[PDB]
Number of protein chains: 2
Amino acid sequence: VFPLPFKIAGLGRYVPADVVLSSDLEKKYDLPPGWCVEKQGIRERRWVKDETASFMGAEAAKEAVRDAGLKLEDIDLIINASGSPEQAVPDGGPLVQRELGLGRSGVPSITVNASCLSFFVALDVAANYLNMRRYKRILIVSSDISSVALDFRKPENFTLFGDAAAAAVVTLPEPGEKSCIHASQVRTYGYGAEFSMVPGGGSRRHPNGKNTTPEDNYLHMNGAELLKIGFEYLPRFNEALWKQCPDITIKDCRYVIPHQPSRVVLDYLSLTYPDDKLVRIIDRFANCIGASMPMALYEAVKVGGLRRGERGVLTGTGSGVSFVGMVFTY
Amino acid sequence: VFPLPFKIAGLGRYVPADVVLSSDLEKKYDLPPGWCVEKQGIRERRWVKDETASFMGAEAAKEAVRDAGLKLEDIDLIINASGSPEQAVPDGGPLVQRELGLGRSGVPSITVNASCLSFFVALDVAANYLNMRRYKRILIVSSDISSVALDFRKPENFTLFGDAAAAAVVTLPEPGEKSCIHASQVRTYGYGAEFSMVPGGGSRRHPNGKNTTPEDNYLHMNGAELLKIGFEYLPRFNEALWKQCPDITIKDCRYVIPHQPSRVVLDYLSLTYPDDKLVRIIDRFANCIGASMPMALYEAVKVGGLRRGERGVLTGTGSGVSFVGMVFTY
């Protein structure tokens, strides 16, 4: 089953142009100087002006398609893999297809939704399509605008969130190329759904039924209970992941590339590994939801110089609660 | 690539218990007697009392798991494939996992979102997971509560929509079993996104930003423009689908099993094929969004007596605009 041929052929990013400095937010909203860096690990973030999520996704996608040495017309499947929707109907796949100028192309455009970790699950889904020879050149797009949900009365909210899009084009490797997935794993603990959720935005508490409460559209988080899920299930998760690739260990991997919605995951990793092994984007882009992991993947290659033949580990914990992990040769 | 081993091992359904007769709606809201049947093709529908979407999905799933001769603990991947969300965070996968009593199981639970046609795309995704030997016993759940979005001032709305859930367990076939997919195709024409959309419920028009209009939470449909997309692209879609299985034609298939959000698809099919070839559920369950196709699949097997070794065709047009088609041996 594993080693699965798989090539990240191209990578792309779009971020809004204007830097919002933590220092300026602190001055504006009477927070102590240095508060965002100390408490959140965030020095800067980017917020949209008039961009739509599909716009940002399409900009990232075009970069990834160029990076792969391809034209837009060569893409044969589009997977939207964002942490939040642009609108209720259609899903983000057709919307980014349209934004790319491919609206009359017929190219199937769908959404994979694992909340947080949609990009990860989309890579997995794409790997299977590729190895089954169903499609050859798959675009995965993760674009999130969180700045819409900002609450400027709560510092733990309005200093945490940023906007970003990142994209990948994935293909089978060419003959002789080592690019592959050595291990991949997804586990879900839905008992933790209530500890990180947004109860509004669907049929359960529809804008006006009989089950609506005042706080329906904001994130309800119980950090202590989320950690307990980690305590109980993460060690067995990690054991099972690395058992898939017994000939490869963390020592053989150049970068750990985490979903990073807060500084906690980076702090944990920083106690364990040298700083140079960890790919950090939260410091400059904040919590960008579903774009976090692919932003970090973009960073690993385009700033960290990850070379073909070197190995990386994708890792993340997301709402649902789900855990993901993938060991790959780039 | 095609014939792909694939077995629909079990099927399940949940519908609310109380029948809402078109005749009673006509009396209540001063419509002419027989209006729903003539205009919509709908004699009855079911509307929830206090059920959640996850509840209905879990009820359907349990039936499907029993039908497959399995226990819930045997399922190794859950795919939520509904036409609408229960809430914004997490996605419906973890929520149905929790509802099933599998919240501490670790079983990956995700969402595939192709609007309308999510069930179809989930079958495809599942087929690839199965044939890549990644998972063995995959649960696909489609549960939709549309009755929340009813507008009792617009007859074309409040008489059209029903609530339902349906589910399938899919596996590889046992040795000697003929169950397979002969052909599968998905095409998307995102230029048609604007002709069937809900502009609210996301980042584009977030409950209060600067881009909200009065009509954001209702379906904007342009039926004439939707048909033009069919005129232009459906004939080539169908040609390309049947070219995948040159040794099998529509004459070799016992049932056509359509996504049926309105009477138009059934009217088209009824002009072409004998009535007994068409599987109809809209008459008793109305437009149940993402549950429509799997409701019809449940009907084909559990009422229409589709036998192992007989062939069927899944077909549908959905918001995005996307078209889907699959030819299979049951």
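Please treat every number below as a calculation from the coordinates, not as lab data. FYI the Cβ positions are ideal-geometry reconstructions off the backbone, even for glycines, and counts take in every protein chain you see.
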Which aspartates and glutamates does residue A:136 reach when only Cα atoms under 15 Å apart count, and residues fewer than 8 places away in its own chain are ignored? A:73, A:74, A:76, A:124, A:174
Give the long-range amide H neighbours of residue B:322: residues separated by 5 or more places, or on another chain, with amide H under 5 Å away, using H modelled in the peptide plane at 1.01 Å from N. B:189
Between rounded, prolate and oblate, where does the stretch B:275-330 land on the alpha carbon gyration tensor, with a ≥ b ≥ c its root eigenvalues, rounded for a/c under 1.5, else prolate if a/b exceeds b/c? oblate
Please say if chain B is rounded, prolate or oblate, where rounded means a/c under 1.5 for a ≥ b ≥ c the square roots of the C-alpha gyration tensor eigenvalues, and otherwise the choice is prolate for a/b larger than b/c and oblate otherwise? rounded
For a quick check, take a GNM of chain B with Cα springs below 10 Å and name the residue from B:239, B:26, B:59 with the largest mean-square fluctuation. B:239
In straight Cα distance, which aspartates and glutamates are under 15 Å from residue B:154, not counting same-chain residues fewer than 8 positions off? B:26, B:30, B:215
Pairwise Cα inverse-distance average, inverted: Kirkwood Rh of the protein assembly as shown (Å): 25.0
So for A:218, B:330, fewest C-beta neighbours within 10 Å to most, what's the order? A:218, B:330
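Mind checking the dipole of the stretch B:1-175: about its Cα centre, +1 per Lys or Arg Cβ, -1 per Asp or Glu Cβ, Debye to the nearest 20?
360
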A correct fewest-to-most ranking of B:39, B:251 by other Cβ atoms within 10 Å would be B:251, B:39
Amide H of residue A:10 versus every other amide H placed in the peptide plane: which residues, excluding those fewer than 5 positions away on the same chain, fall under 5 Å? A:169
With a point put 7 Å past each Cα toward its Cβ, work out how far residue A:73 is from residue B:132 in nm, to one decimal. 2.9
Relative contact order, percent, of the stretch A:270-330 when contacts are C-alpha pairs under 8 Å separated by at least 6 residues? 24
What fraction of the DSSP beta bridges in chain A is antiparallel, stated in percent and rounded to the nearest 5? 70
Place +1 on the Cβ of every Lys and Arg and -1 on the Cβ of every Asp and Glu in chain A, take the dipole about the Cα centre, and give the residue among A:152, A:165, A:221 whose Cα lies farthest towards its positive end. A:165
Residue B:174 versus residue B:227, label points 7 Å from Cα toward the beta carbon: distance in nm? 4.9
Quote the charge dipole size of the stretch B:19-95 about the Cα centre in Debye, to the nearest 20; the model charges only the Cβ of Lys and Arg (+1) and of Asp and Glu (-1). 340
Is the stretch A:1-44 best put as rounded, prolate or oblate by its Cα gyration tensor, with a ≥ b ≥ c the root eigenvalues, rounded for a/c under 1.5, and otherwise prolate when a/b is larger than b/c, oblate when not? oblate
Counting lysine pairs in the stretch B:176-330 that sit 8 or more positions apart or on different chains, with Cα atoms under 29 Å apart, gives 12
Compute the FRET efficiency between residue B:243 and residue B:307 as 1/(1 + (r/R0)^6), taking r as their Cβ-Cβ distance and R0 = 30 Å, and round to the nearest 0.05. 0.65
DSSP-loop trypsin sites (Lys or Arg not before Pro) across the stretch A:284-330, with at most 11 other Cβ within 10 angstrom: A:307
Computed ³J(HN,Hα) along the stretch B:134-149: with the Karplus parameters 6.51/-1.76/1.60, θ = phi - 60°, integer Hz and x for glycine or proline, the list is 7, 9, 10, 9, 9, 9, 10, 10, 10, 10, 9, 10, 9, 4, 5, 8
For A:49, A:154, what ranking results if the residue with the fewest other Cβ atoms within 10 Å of its Cβ goes first? A:49, A:154
Report the FRET efficiency, 1/(1 + (r/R0)^6), for residue A:18 and residue A:213, where r is their Cβ-Cβ distance and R0 is 35 Å, rounded to 0.05. 0.50
List every residue whose amide H lies under 5 Å from the amide H of residue A:161, counting only residues 5 or more places away in sequence or on a different chain, with H placed 1.01 Å from N in the peptide plane. A:287
Cβ-placed point charges (K, R +1; D, E -1), dipole of chain A about Cα centre in debye, nearest 20: 600
Which of B:206, B:182, B:220 ends up with the largest GNM mean-square fluctuation for chain B, with Cα atoms connected below 10 Å? B:206
Alpha-carbon centroids, the stretch B:201-237 and the stretch B:261-302: separation in whole Å: 24
Given Cα pairs under 8 Å that are at least 6 residues apart, what percent is the relative contact order of chain A? 24
